[PDB]
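Inspection log for the structure reproduced underneath, given as structure tokens.
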Number of protein chains: 8
Amino acid sequence: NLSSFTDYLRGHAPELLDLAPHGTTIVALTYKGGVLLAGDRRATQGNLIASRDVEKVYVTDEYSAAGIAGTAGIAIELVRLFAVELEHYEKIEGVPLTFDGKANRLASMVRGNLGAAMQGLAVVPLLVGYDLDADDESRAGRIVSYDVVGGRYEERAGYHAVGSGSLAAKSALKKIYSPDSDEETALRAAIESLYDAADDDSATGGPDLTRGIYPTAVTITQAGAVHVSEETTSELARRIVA
Amino acid sequence: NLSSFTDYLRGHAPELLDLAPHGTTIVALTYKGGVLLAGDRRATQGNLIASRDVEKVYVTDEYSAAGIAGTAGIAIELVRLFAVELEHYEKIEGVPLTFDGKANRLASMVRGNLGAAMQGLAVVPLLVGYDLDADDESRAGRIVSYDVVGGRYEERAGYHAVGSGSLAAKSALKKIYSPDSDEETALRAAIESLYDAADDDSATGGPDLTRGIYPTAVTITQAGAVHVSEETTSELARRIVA
Amino acid sequence: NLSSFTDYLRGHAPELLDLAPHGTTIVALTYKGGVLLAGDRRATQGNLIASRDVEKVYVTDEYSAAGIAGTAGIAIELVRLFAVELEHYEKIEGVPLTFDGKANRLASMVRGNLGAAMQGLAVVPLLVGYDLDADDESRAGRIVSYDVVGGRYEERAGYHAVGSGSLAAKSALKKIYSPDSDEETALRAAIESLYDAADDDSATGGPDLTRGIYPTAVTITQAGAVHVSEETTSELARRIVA
Amino acid sequence: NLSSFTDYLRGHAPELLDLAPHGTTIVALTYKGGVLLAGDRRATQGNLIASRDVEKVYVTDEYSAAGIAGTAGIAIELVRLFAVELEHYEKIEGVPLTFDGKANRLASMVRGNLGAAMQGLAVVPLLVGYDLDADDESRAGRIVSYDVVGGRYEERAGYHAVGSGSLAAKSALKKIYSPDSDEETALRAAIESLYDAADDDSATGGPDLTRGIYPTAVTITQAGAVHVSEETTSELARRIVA
Amino acid sequence: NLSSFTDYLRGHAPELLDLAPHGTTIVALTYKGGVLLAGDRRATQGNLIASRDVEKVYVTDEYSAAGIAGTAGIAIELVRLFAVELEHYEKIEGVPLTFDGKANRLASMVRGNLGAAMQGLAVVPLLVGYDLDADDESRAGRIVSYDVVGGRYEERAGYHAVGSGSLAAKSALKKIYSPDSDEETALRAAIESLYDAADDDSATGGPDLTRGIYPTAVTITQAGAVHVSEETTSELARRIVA
Amino acid sequence: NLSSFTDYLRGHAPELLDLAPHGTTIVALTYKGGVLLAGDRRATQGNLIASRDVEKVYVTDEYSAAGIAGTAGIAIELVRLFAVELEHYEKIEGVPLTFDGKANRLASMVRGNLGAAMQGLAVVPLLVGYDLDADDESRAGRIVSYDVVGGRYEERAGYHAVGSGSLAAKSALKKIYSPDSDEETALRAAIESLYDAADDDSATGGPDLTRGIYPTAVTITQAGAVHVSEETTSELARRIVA
Amino acid sequence: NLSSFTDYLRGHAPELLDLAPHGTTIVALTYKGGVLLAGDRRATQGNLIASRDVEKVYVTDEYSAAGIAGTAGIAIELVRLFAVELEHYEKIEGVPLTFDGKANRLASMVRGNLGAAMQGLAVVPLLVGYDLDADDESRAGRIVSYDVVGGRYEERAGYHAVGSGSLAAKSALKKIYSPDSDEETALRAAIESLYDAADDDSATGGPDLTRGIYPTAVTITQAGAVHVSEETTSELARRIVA
Amino acid sequence: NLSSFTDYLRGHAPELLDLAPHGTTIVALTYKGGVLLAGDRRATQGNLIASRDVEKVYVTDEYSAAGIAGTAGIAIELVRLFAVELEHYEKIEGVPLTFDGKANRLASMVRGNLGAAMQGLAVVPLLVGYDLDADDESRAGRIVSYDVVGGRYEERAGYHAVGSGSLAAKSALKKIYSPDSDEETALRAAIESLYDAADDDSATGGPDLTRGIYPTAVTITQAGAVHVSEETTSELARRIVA
């Protein structure tokens with residue numbers, strides 16, 4: 001009734017707003033074309049590995065996507081809803097939400113979990129998208145990070161990450177990353193830091209050539225967001241190794 | 001229904017009223033023309049730096065603005081709402097609120113966070129503005145400080161500050177500051193105390209010439225409020241150094 | 001004065017009896033010749049990897065050795081002391097201790113740490129050796145496991161393990177292992193289970209071909225104990241992979 | 001009576017074995033000649049800066065030195081004592097201690113503080129030295145790291161660090177450091193990671209060109225250990241900058 | 001709907017009924033003409049001085065005023081509301097409230113804060129006024145003191161006080177005060193005890209000649225209540241001094 | 001039996017090693033001649049003033065003295081003992097202790113109160129002295145500060161302070177102070193910051209012209225230490241005022 | 001709507017149903033004519049005297065009154081309300097309530113406060129009255145006492161009391177009191193026990209000839225209740241003294 | 001064995017170093033002749049008066065005496081011992097202790113009770129005496145106050161007091177007392193403040209003309225200390241009353 005699918009639940013179906021299978025690291029890079037997301041796939045509840053093929057990065061809509069780090073359970077339902085929220089607002093308003101809209105909405109959905117957060121079950125996302133409304137379609141990619149209390153923040157440094165090995169990955173990028181670059185160079189630097197995060201963090205554990213476990217990725221550009229192929233990544237991670 | 005945007009939510013949408021990325025220092029000076037705000041840009045969750053380019057001062061309206069210190073997440077949404085509260089009161093009443101009104105409002109919104117305040121997540125703002133209704137348009141610049149329980153307070157000493165390094169900056173100004181002065185001299189004493197604050201406080205860390213991290217400022221006068229330029233600041237902090 | 005180096009400390013220098021860098025998995029296998037130990041080399045304090053080259057298995061004396069799992073700091077000093085407890089008893093008595101002696105001593109040393117155990121800083125070892133006093137030099141290899149309260153337990157099943165990934169390894173061996181076998185077959189089955197333990201346990205993380213991190217091993221026989229080479233392990237784990 | 005200055009106090013003057021002024025980061029690099037230590041100089045009690053000129057690295061003896069991170073009060077006395085323990089053992093024995101001795105001693109002194117550690121007042125050192133007893137005088141420089149429960153650990157990666165910005169610095173070196181290099185190159189990479197540690201950690205805050213606050217350093221080689229000059233550091237950090 | 005501005009909020013806007021900037025002492029004297037209030041101006045949060053110019057006494061209505069000691073945030077809003085409660089009741093009823101009414105109201109507002117009181121944020125007022133309904137217009141000035149649980153109490157001793165230095169001041173007056181006197185004499189004895197309160201209480205700190213910090217005062221009589229001039233105070237405190 | 005008076009008690013009379021009357025601020029300045037101490041005289045238990053004439057600075061020996069902040073009771077006996085420790089070491093050794101000795105001693109005595117410290121009853125001293133063994137008798141003045149855990153620290157900035165208002169006084173000096181200066185100029189900057197300390201701190205309250213309460217001072221030079229006269233202070237604080 | 005003023009609040013204005021100024025002793029006596037109450041006038045919060053002229057006995061209606069002991073604030077409002085509860089029932093029903101009615105009502109009002117009771121802020125009253133419906137107008141005086149949980153109890157022994165010094169007074173009366181007697185004899189015995197209660201109880205403190213502090217009294221009879229004069233008490237307590 | 005009776009117990013009989021009957025107020029005045037002590041006599045355990053004739057001030061020796069406030073039990077034994085301590089040191093050394101000796105000794109005895117103190121059972125004395133060694137026998141009287149942690153303090157203001165009504169008494173004296181005066185004027189001012197203390201404190205309760213309870217006093221002068229007669233006080237307190 002303000003075109004918020006969420007807010008509809010709010011008034012018509014409220015029941016929809018390490019004890020359980022944890023998180024992992026996720027990286028974000030800006031570049032000439034657009035932007036991209038790459039994130040590990042290891043879900044760990046304790047020191048015990050619970051799953052090694054869990055997708056952490058999802059495509060929210062046509063020109064954006066986000067990766068969520070924290071309690072798998074809570075993080076999944078949350079992104080699915082965020083997606084819905086965005087789609088519904090389009091089918092109703094006719095148009096899609098600004099990028100700054102999608103973000104402020106995601107924030108609200110985060111600010112909403114703050115209760116569970118202070119109770120251990122916290123989640124935090126990393127939002128990326130091609131700003132169809134950006135003046136210079138050159139730097140039209142964007143990266144938004146979040147709080148637990150629901151703060152929205154602008155990247156403004158070309159990259160960022162969230163999760164256990166984020167401090168690691170962020171540091172690797174501080175070196176292995178440079179502005180305006182290929183959607184091949186970036187997707188490379190990504191698989192990289194995601195390798196370094198795995199080095200200094202048992203909770204991540206990036207590319208594992210022996211098992212066939214490869215980082216999940218997604219690139220967004222003036223054409224939209226597309227999930228990178230399992231081939232473009234593996235023959236890409238093999239390249240990174242030495 | 002009293003022209004309060006807030007109060008509308010109060011009754012039609014109540015869901016809008018170091019675990020997460022902290023604060024920083026913000027100064028305020030009075031002068032001949034009007035008044036101004038200058039604040040650090042370093043957000044620190046823990047002892048770890050979370051961002052070095054965060055803006056802490058915003059322009060609330062044509063003839064006023066404020067800076068907030070405390071949980072970034074909470075502080076942001078809070079000022080964004082304050083801005084709206086004001087703009088909406090204008091469009092409805094046709095006229096704007098007294099300065100004393102804008103203040104009493106901001107304080108109500110602060111009192112409203114008292115709950116979160118007593119749970120660590122506190123925030124406190126610094127409000128400044130050119131009082132279009134002041135008898136002597138000479139001393140028409142004002143500074144209001146706040147409690148946590150939402151008390152409103154008048155500067156009456158030409159300067160103030162809030163944040164970890166406030167105690168330090170206040171003391172610097174207690175020396176490097178003098179009444180009626182240039183909108184070049186005050187902006188000068190502001191980048192100054194903002195420097196001394198960073199000296200005796202790892203949570204602040206004002207002007208960093210090596211990184212390109214400069215203090216955010218904003219001045220308000222009989223012409224309104226305007227955000228100082230990145231240039232007017234850097235070539236200004238270089239002057240301060242020695 | 002009972003030929004116990006320890007007991008000498010007991011009466012003449014008593015000061016020698018995840019806040020800090022944790023444990024890992026260690027396996028023990030019995031076979032035709034004798035017995036062996038193989039342990040991971042990853043030390044993890046928290047979910048963070050602290051070291052990936054830490055040796056967990058040590059050769060206690062000519063015909064025995066043991067791997068200890070638990071607080072690295074407490075576990076190091078404990079084995080070293082055990083070693084000395086052994087060597088000193090020989091030099092003094094002229095002969096060496098029975099294997100059942102060496103074990104009962106090691107048990108005493110564990111019992112001693114129970115204090116620290118009940119405060120998180122616990123440690124548990126795995127003891128193996130060629131019993132020069134066993135009747136049938138065919139099954140002369142032995143495995144002793146321990147409690148926290150200082151219990152001594154006999155393997156009697158050809159294999160055992162201790163650590164975070166022990167439950168895993170134990171199970172892999174419950175399959176990939178068979179009695180009387182090569183000191184090549186068992187050194188094989190060890191690297192194996194040491195691989196499966198790493199699969200279902202982020203704390204362990206066995207053979208990592210990409211980094212050059214290989215499991216440490218040791219085999220004791222009628223000739224005595226000797227530390228397997230870095231070559232006999234890598235070209236051995238490569239074989240294991242698929 | 002075992003040549004242990006310490007042990008004499010133990011039996012003849014036992015009274016010598018953020019409420020108060022904290023720590024900072026320290027780095028350690030290995031190279032062709034020998035090894036070195038470089039560490040920040042900022043002491044921080046709270047978020048407040050307590051001193052910006054505190055030396056964190058000391059030369060323990062002719063061929064060795066160490067940096068200690070943790071409560072300054074406890075860390076000072078502890079190293080001064082280690083110094084003496086080493087010197088006294090010499091004058092008595094006539095010869096000096098093995099390097100492996102000096103470390104085992106240092107570790108015992110740390111294990112000694114474990115009580116205070118589990119009460120907040122913890123301290124951890126990083127030990128380096130030119131092993132006069134090493135076979136290949138090429139890789140004769142060594143790095144030992146410690147636990148809180150007193151574990152002794154070998155570097156075996158050419159670099160290491162301790163302190164708040166340690167995770168940072170360690171990561172910077174993971175990129176900017178290469179084996180066998182100059183005692184100019186390493187001293188370079190040190191001041192570097194020490195800069196990066198200050199980037200992502202308010203508790204550190206490396207080279208400050210504006211204030212004249214430069215990292216403290218020390219190199220040890222076949223000639224012994226010598227404290228690098230204030231000039232060799234500043235005209236070195238200026239170089240690092242861009 | 002009982003002419004209670006308060007009670008309207010009660011049913012139509014309930015949201016209006018040392019972490020934060022504390023109190024100070026306030027004195028009350030009776031005399032020939034009417035009565036008066038004089039109170040310190042130092043707000044102290046901790047041992048730290050937060051403001052030295054805060055007015056603690058306000059004129060509630062034509063013939064009455066009150067001073068409130070306790071958490072400044074809570075004490076301000078509370079008196080401002082009491083003000084309104086009184087004024088609104090008039091405009092509606094046409095006539096004003098008895099004095100005994102104004103107090104009974106004030107007490108209810110205090111009883112209202114009892115919740116916050118039992119949580120540290122307590123506030124207590126001191127009420128004075130010229131009972132236009134008193135038989136002998138000689139002793140027509142009155143003093144009412146309060147509880148925290150909201151008790152209303154009559155002075156009946158010509159003077160009283162509240163705040164940290166209250167015990168002090170009350171004692172000074174027990175000596176330096178005499179019944180029926182000038183509105184110069186009482187204003188004199190007030191500035192006096194207010195000086196003595198500052199002698200034995202760091203939280204107060206009355207007249208400060210050097211800084212120009214003078215006690216705030218207010219007298220009420222058959223003409224009404226009027227705030228004493230900054231001159232009548234300073235040239236009055238100078239007199240008191242020796 | 002090591003010429004330590006203390007140590008004698010240690011073994012022959014061990015019984016000598018806001019519930020109760022608190023502290024205050026104390027400053028220290030370096031200069032051409034020597035160095036000096038100036039400290040407040042207001043003792044405050046609670047928010048209540050307990051005494052306004054207490055001396056916080058004492059002359060430890062011919063060429064040194066110190067001021068202590070923290071529980072008065074503890075602080076007194078502590079300095080009295082320090083004095084004796086020194087004098088007794090002289091009479092026995094015939095010579096006096098290095099300045100660096102007197103310091104190391106004072107720190108041991110502080111470490112000795114660590115127990116009481118962690119129970120609220122803490123105390124911290126400021127030691128100053130003319131180093132009769134300093135190469136350049138120009139900068140022969142020294143300032144040593146302390147931890148609570150007994151750390152010793154060198155000023156190396158010409159000035160320091162300890163106490164509630166230290167933060168304030170330090171900041172004042174950070175402005176009103178300059179190197180090599182008169183023993184009239186420094187004593188001037190001392191009464192100054194001692195004034196600003198009292199401005200932003202109710203626990204201090206420096207120079208009070210109205211009461212006759214003046215800051216206690218002491219200067220040490222190549223001639224020794226001498227306690228400044230009540231006159232040299234009053235006619236000095238009158239000069240400072242405006 | 002049952003003629004209960006209270007019950008009207010219950011459904012139309014519910015907001016009307018030693019941190020703060022305590023109680024005192026109150027006595028009740030039966031006699032020929034009717035009954036009476038006499039109570040101390042000292043309010044004590046802590047060990048500190050807060051007021052020495054507070055009236056504890058009030059006349060509820062024409063033929064009854066009561067004294068309340070406990071939290072002054074809670075006790076005041078409670079009796080006032082009782083009064084009104086009574087008067088209103090008359091105006092409405094036209095006649096007055098039975099005495100057994102007035103009591104059962106008062107009991108209900110007490111039962112209501114039980115909440116606050118169990119939190120320290122308790123209060124207990126003593127109710128007396130001339131039962132216009134008693135058969136033998138000789139013993140028409142009555143005394144009712146109460147619980148905290150709201151129990152109603154009959155005297156049936158001519159006297160009773162409540163307060164800190166009650167145990168004392170009760171005992172004095174157990175001696176100095178006899179049935180059917182003058183309203184001069186009983187007013188005498190009351191001032192007496194009210195004297196002994198003060199002897200063995202610093203909280204009470206009856207008749208103080210030196211200060212002019214005299215016990216408050218009230219006598220109800222077939223004529224109704226009337227408050228004894230200040231003369232009939234002082235010249236009455238003077239008689240009691242020796 | 002240092003002439004300390006106490007210290008003898010220390011080594012030969014250690015067992016000699018509101019649940020129970022409390023304290024009271026005690027005053028101290030200086031004057032032309034010598035000095036004096038006067039203190040209430042009411043012992044209160046709770047709000048209940050336990051005794052009204054308890055002597056609180058004792059004559060320590062020929063030229064000194066002290067009053068103790070706190071737990072009667074602990075305060076009695078303590079002063080008796082202090083007396084003994086003083087007498088014994090005379091019989092042994094031949095001479096009596098300096099005044100400054102007696103005081104430092106008393107302090108030690110207080111510092112000794114600090115354990116019980118932090119457990120409620122605290123005591124604190126007020127020491128007075130004629131300093132046989134004072135230069136100007138005019139101001140030869142002295143007043144020493146104490147801490148709980150055993151601090152010793154000099155009066156230096158002519159008067160002081162300890163106990164519940166000390167804040168009161170101290171204030172009364174701030175007015176009713178002047179320097180050099182009669183041993184009749186002072187003993188008057190004493191009985192005075194001791195009257196005022198009783199006014200604002202149920203725990204004291206000075207002169208009671210009706211019961212015959214009179215303040216106990218003691219004067220010391222160049223002739224020695226003598227306990228004032230019951231007559232000199234009563235006919236003295238009657239004089240004070242109006």
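So you can find residues: chains in the structure tokens are A, B, ... in the order shown, residues in each start at 1, and ligands are numbered from 1 in order.
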
request  = From the DSSP assignment of the backbone, select every residue of stretch 93-216 of chain C that is alpha helix (DSSP H), and format the answer as a PyMOL selection string.
outcome  = chain C and resi 93+99-117+166-176+186-199

Please produce an output containing C-alpha atoms for each residue in the selection, written as a CSV table (one decimal), in the first residue's frame.
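Now in part.csv:
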chain,number,residue,atom,x,y,z
C,93,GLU,CA,68.7,-47.1,35.9
C,99,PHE,CA,56.4,-49.6,27.5
C,100,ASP,CA,53.7,-50.0,30.1
C,101,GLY,CA,56.0,-47.8,32.2
C,102,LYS,CA,56.4,-45.0,29.8
C,103,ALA,CA,52.6,-45.1,29.5
C,104,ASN,CA,51.9,-45.0,33.2
C,105,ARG,CA,54.3,-42.1,33.5
C,106,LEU,CA,52.7,-40.1,30.6
C,107,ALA,CA,49.4,-40.8,32.3
C,108,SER,CA,50.7,-39.3,35.5
C,109,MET,CA,51.8,-36.2,33.6
C,110,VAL,CA,48.3,-35.8,32.1
C,111,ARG,CA,46.6,-36.3,35.4
C,112,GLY,CA,48.7,-33.4,36.6
C,113,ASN,CA,47.3,-31.1,34.0
C,114,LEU,CA,43.7,-31.9,34.9
C,115,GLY,CA,43.6,-28.6,36.8
C,116,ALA,CA,44.3,-26.6,33.7
C,117,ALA,CA,42.1,-29.0,31.8
C,166,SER,CA,39.2,-37.6,15.1
C,167,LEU,CA,35.6,-38.8,14.9
C,168,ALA,CA,36.0,-38.4,11.1
C,169,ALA,CA,39.4,-40.1,10.7
C,170,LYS,CA,38.3,-42.9,13.1
C,171,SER,CA,35.4,-43.6,10.8
C,172,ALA,CA,37.4,-43.4,7.6
C,173,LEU,CA,39.8,-46.0,9.1
C,174,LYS,CA,36.8,-48.1,10.2
C,175,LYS,CA,36.7,-48.6,6.4
C,176,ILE,CA,40.0,-48.0,4.7
C,186,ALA,CA,49.2,-48.0,6.8
C,187,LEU,CA,51.2,-44.9,6.1
C,188,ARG,CA,48.7,-44.7,3.2
C,189,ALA,CA,45.5,-45.3,5.3
C,190,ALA,CA,46.7,-42.6,7.7
C,191,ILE,CA,47.2,-39.9,5.1
C,192,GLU,CA,43.7,-40.9,4.0
C,193,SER,CA,41.7,-40.6,7.1
C,194,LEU,CA,43.8,-37.6,7.8
C,195,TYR,CA,42.2,-36.3,4.5
C,196,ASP,CA,38.6,-37.2,5.5
C,197,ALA,CA,39.0,-35.6,8.9
C,198,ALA,CA,39.9,-32.4,7.1
C,199,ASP,CA,36.8,-32.7,4.8

ask   = Any idea what's packed within 9 Å of stretch 215-230 of chain A, counting only C-alpha atoms, ignoring anything in its chain fewer than 4 positions away? Could you give it as a ChimeraX atom specification?
value = /A:33-41,55-59,61-65,128-132,137,140-141,183,187,190-191,194,206-207,234-235,237

Selected residues written out with N, CA and C atoms, as a compact mmCIF listing (two decimals), in the first residue's frame:
# COMPACT_ATOMS: atom_id res chain seq x y z
N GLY A 33 33.49 -1.91 -16.76
CA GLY A 33 32.15 -2.33 -17.11
C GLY A 33 31.10 -2.02 -16.06
N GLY A 34 31.06 -2.87 -15.04
CA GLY A 34 30.13 -2.69 -13.93
C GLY A 34 30.78 -3.10 -12.63
N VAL A 35 30.16 -4.07 -11.96
CA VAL A 35 30.66 -4.59 -10.69
C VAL A 35 30.44 -6.10 -10.57
N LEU A 36 30.99 -6.70 -9.52
CA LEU A 36 30.77 -8.11 -9.34
C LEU A 36 30.88 -8.56 -7.90
N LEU A 37 30.33 -9.75 -7.67
CA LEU A 37 30.33 -10.40 -6.38
C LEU A 37 30.87 -11.80 -6.53
N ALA A 38 31.70 -12.18 -5.56
CA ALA A 38 32.29 -13.50 -5.49
C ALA A 38 32.36 -13.84 -4.01
N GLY A 39 31.96 -15.05 -3.69
CA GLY A 39 31.97 -15.45 -2.30
C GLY A 39 32.16 -16.94 -2.17
N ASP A 40 32.83 -17.34 -1.09
CA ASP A 40 33.13 -18.72 -0.76
C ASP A 40 31.85 -19.54 -0.80
N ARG A 41 31.94 -20.82 -0.44
CA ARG A 41 30.76 -21.68 -0.43
C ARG A 41 30.76 -22.63 0.77
N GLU A 55 25.56 -21.45 -2.00
CA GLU A 55 25.69 -20.19 -2.74
C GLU A 55 25.38 -19.06 -1.78
N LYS A 56 26.29 -18.09 -1.68
CA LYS A 56 26.09 -16.97 -0.77
C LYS A 56 25.66 -15.69 -1.50
N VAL A 57 25.98 -15.61 -2.80
CA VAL A 57 25.63 -14.44 -3.60
C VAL A 57 24.46 -14.71 -4.52
N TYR A 58 23.43 -13.85 -4.44
CA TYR A 58 22.24 -13.96 -5.26
C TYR A 58 22.00 -12.72 -6.09
N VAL A 59 21.28 -12.90 -7.19
CA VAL A 59 20.95 -11.77 -8.05
C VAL A 59 19.62 -11.21 -7.59
N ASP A 61 17.91 -8.49 -8.69
CA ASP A 61 17.06 -8.13 -9.81
C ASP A 61 17.94 -7.85 -11.02
N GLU A 62 17.30 -7.43 -12.11
CA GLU A 62 17.94 -7.12 -13.38
C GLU A 62 19.29 -6.44 -13.29
N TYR A 63 19.41 -5.35 -12.53
CA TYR A 63 20.69 -4.66 -12.45
C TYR A 63 21.36 -4.57 -11.08
N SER A 64 21.21 -5.62 -10.26
CA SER A 64 21.80 -5.66 -8.91
C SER A 64 21.76 -7.03 -8.23
N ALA A 65 22.67 -7.19 -7.28
CA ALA A 65 22.76 -8.43 -6.54
C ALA A 65 23.52 -8.19 -5.24
N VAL A 128 25.53 -4.77 -4.36
CA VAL A 128 26.17 -4.24 -5.56
C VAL A 128 25.16 -4.09 -6.71
N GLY A 129 25.43 -3.16 -7.62
CA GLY A 129 24.53 -2.94 -8.73
C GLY A 129 25.00 -1.89 -9.71
N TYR A 130 24.44 -1.95 -10.92
CA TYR A 130 24.77 -0.99 -11.98
C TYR A 130 23.73 0.11 -11.83
N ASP A 131 24.19 1.31 -11.46
CA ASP A 131 23.27 2.42 -11.27
C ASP A 131 22.79 3.03 -12.58
N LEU A 132 21.65 2.54 -13.06
CA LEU A 132 21.06 3.02 -14.30
C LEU A 132 20.90 4.55 -14.31
N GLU A 137 28.29 6.67 -16.70
CA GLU A 137 28.13 5.22 -16.84
C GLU A 137 29.46 4.45 -16.79
N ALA A 140 29.55 3.54 -13.02
CA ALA A 140 28.17 3.21 -12.70
C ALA A 140 28.00 2.01 -11.77
N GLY A 141 29.10 1.38 -11.41
CA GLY A 141 28.97 0.27 -10.50
C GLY A 141 29.00 0.86 -9.09
N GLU A 183 36.71 -7.10 -16.85
CA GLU A 183 35.72 -7.84 -16.09
C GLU A 183 36.36 -9.22 -16.04
N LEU A 187 37.43 -10.11 -11.78
CA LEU A 187 36.99 -11.46 -11.41
C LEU A 187 38.21 -12.34 -11.03
N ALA A 190 39.39 -11.02 -7.48
CA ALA A 190 38.39 -11.53 -6.57
C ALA A 190 38.75 -12.95 -6.15
N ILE A 191 38.84 -13.84 -7.12
CA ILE A 191 39.18 -15.22 -6.83
C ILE A 191 40.48 -15.27 -6.04
N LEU A 194 39.96 -14.00 -2.24
CA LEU A 194 39.12 -15.09 -1.76
C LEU A 194 40.01 -16.33 -1.50
N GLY A 206 38.54 -20.85 0.45
CA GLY A 206 38.17 -20.62 -0.93
C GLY A 206 38.30 -21.77 -1.92
N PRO A 207 38.90 -21.48 -3.09
CA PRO A 207 39.10 -22.46 -4.17
C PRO A 207 39.88 -23.70 -3.75
N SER A 234 36.87 -21.97 -12.56
CA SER A 234 37.90 -22.97 -12.33
C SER A 234 39.15 -22.74 -13.18
N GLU A 235 38.99 -22.57 -14.49
CA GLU A 235 40.14 -22.34 -15.36
C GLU A 235 40.72 -20.96 -15.05
N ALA A 237 40.86 -19.97 -11.50
CA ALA A 237 41.50 -20.20 -10.20
C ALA A 237 42.80 -20.98 -10.36

task = Run DSSP on the backbone and give me the residues of stretch 26-155 of chain E it puts in strand (DSSP E), as an MDAnalysis selection string.
result = chainID E and resid 26:30 35:39 43:44 49:51 57:61 64:70 123:130 141:146 152:154

Do me a favour and pick out the residues of chain H within 9 Å of chain F, using only C-alpha atoms, as an mmCIF file with C-alpha atoms, in the first residue's frame.
data_model
loop_
_atom_site.group_PDB
_atom_site.id
_atom_site.type_symbol
_atom_site.label_atom_id
_atom_site.label_comp_id
_atom_site.auth_asym_id
_atom_site.auth_seq_id
_atom_site.Cartn_x
_atom_site.Cartn_y
_atom_site.Cartn_z
ATOM 1 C CA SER H 108 48.646 2.493 61.637
ATOM 2 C CA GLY H 112 44.882 -2.140 60.332
ATOM 3 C CA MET H 118 35.325 -2.695 53.777
ATOM 4 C CA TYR H 146 41.582 10.098 59.658
ATOM 5 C CA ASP H 147 40.724 7.929 56.608
ATOM 6 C CA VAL H 148 39.473 4.368 56.654
ATOM 7 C CA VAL H 149 42.522 3.301 54.672
ATOM 8 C CA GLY H 150 44.490 4.985 57.466
ATOM 9 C CA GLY H 151 45.327 8.452 56.200
ATOM 10 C CA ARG H 152 46.441 11.086 58.721
ATOM 11 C CA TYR H 153 45.253 14.693 58.212
ATOM 12 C CA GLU H 154 45.880 18.049 59.853
ATOM 13 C CA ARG H 156 44.375 23.653 60.167
#

key: atom CA of residue G:29 to atom CA of residue G:66, straight-line distance in Å   = 12.1 Å
